[PDB]
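Below you'll find only one chain, the form deposited in one PDB entry, shown as structure tokens.
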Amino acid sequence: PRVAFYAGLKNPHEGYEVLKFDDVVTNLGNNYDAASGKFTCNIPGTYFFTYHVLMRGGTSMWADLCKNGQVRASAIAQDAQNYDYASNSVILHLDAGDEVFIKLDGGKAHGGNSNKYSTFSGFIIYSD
């Protein structure tokens, strides 16, 4: 049996929703579904999954001393890193019908359009 998929993330997601990787590059077995973001096992066995998800996260403030509206002194406060990755990998035994997907637990994921910044992939290692 040949089960292997790889998809990237087009659109921004936030909150607690399932990440819907819709830029599908590989999908042997047609077991990944871009409308749901879920891999649904059909061949029972042991599977490898990996994911890389880019977070979308700078503050400044200016205070000027003015005389009759004209600036006589300027000052800035500033404290600007924004883009970072939440990545992991697993190996799981999967029965027929099992769903595997990536879920946000708070925060905002970057939508990379067709650039494949955020990805999700998997393949079967052994079939039962």
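Each form is matched to the other, and the largest set of C-alpha atoms that superpose within 1.5 Å is called the rigid core. Shifts are known only where both forms have a C-alpha. Start at 1 with the first residue shown and count on from there.
Separately, the form deposited in another entry exists; it is not shown, and the next lines address it.
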**OP:** Determine whether the C-alpha of residue 103 shifts by 2 Å or more between this form and the one not shown once the rigid core is superposed.
**Re:** no
Subject >> Rigid core superposition, residue 88 Cα moves 2 angstroms or more between this form and the one not shown >> reply: no
Original post:
2 Å or more on the CA of residue 35 between this form and the one not shown, with the rigid core superposed, yes or no?
Top reply: no
**OP:** Using only residues present in both forms, find each stretch of at least 3 consecutive residues where all Cα shifts reach 2 Å or more between this form and the one not shown, with the core as the superposition reference, and list them in order along the sequence.
**Re:** 58-80
